[PDB]
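One structure is given here, and the rest of the page talks about it.
The numbers here are math on the coordinates, done by the rules we state, and not lab data. Using ideal geometry, Cβ is built from the backbone for each residue, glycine included, and neighbour counts are taken over all protein chains shown.
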Amino acid sequence: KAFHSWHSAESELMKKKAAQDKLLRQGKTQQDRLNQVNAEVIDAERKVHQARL
Amino acid sequence: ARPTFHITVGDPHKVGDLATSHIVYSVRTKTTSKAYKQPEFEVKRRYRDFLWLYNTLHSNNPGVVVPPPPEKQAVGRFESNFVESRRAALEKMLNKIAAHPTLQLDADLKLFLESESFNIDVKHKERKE
């Protein structure tokens, strides 16, 4: 499970990140959702890191 | 640089009658300021953008001043003079703010003066939204 959780932190992380990218490469980008999504991305990366560590 | 920001507000693309119509000015920033990207940019702002903007300056600067706006039509008509007042009002507002390093630092304002698309789309873009 710890592993599991960990990856879960990642898989999600990736999603938020991906979303960011999408807004970004919508081209126009709501910088609003970009920021929100990004905030979550960095946390998620951390989550990945932590659960893993 | 901060006071050494050079501003001409010209080009009174005064959108013709509507009884509320809004003059769009070149805002040429010729700026040696390193608080302004472009050594020259011209944007073509309309009254509404500025007022907001002015408010933005108000908003980003928590007590940290925001002098008077572009001129009010609250007594103004749409007179060349009035619009001039607006032009001036901005010029002034802008002038000062530029010679205040902080209000001159509003990023919206950099983008605003240094990009024509109005305050608005700049303002989304800046909070990454």
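Brief remarks on what is shown
- Taken over region B:38-77, the criterion of being β-branched (V, I, T) and buried (at least 17 other Cβ atoms within 10 Å of the Cβ) is satisfied by B:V43, B:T56, B:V66.
- Filtering region B:84-99 for residues that are surrounded by fewer than 21 Cβ atoms within 10 Å (Cβ to Cβ), out of contact with any strand residue (DSSP E or B) (no Cβ under 7 Å at 6 or more places or on another chain) and over 16 Å from B:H6 (Cα atoms) leaves a non-empty set.
- Residue match in region A:3-15 (condition: within 14 Å of another protein chain (Cβ to nearest Cβ) and either in a helix (DSSP H, G or I) or surrounded by fewer than 16 Cβ atoms within 10 Å (Cβ to Cβ) (or both)): no
- Members of region B:97-129 that are within 14 Å of another protein chain (Cβ to nearest Cβ), among the acidic types (D, E) and within 11 Å of the chain's Cα centre (by Cα): B:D108
- Positions within region B:100-122 being surrounded by fewer than 17 Cβ atoms within 10 Å (Cβ to Cβ) and over 18 Å from B:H6 (Cα atoms), in sequence order: B:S117, B:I120, B:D121
- Matching residues, region A:25-53, being surrounded by 15 or more Cβ atoms within 10 Å (Cβ to Cβ), within 14 Å of chain B (Cβ to nearest Cβ) and either over 30 Å from B:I120 (Cβ atoms) or of a type in the set (A, V, I, L, M, F, W, C) (or both): A:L34, A:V37, A:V41
Here's the yes/no breakdown for (1) in contact with a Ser or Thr (Cβ under 8 Å, 6 or more places away or on another chain); (2) hydrophobic (A, V, I, L, M, F, W, C); (3) free of Cβ contacts under 8 Å to residues at least 40 places away in the same chain:
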| site | (1), (2), (3) |
| --- | --- |
| B:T8 | yes, no, yes |
| B:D11 | yes, no, yes |
| B:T29 | no, no, no |
| B:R46 | no, no, no |
| B:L53 | no, yes, no |
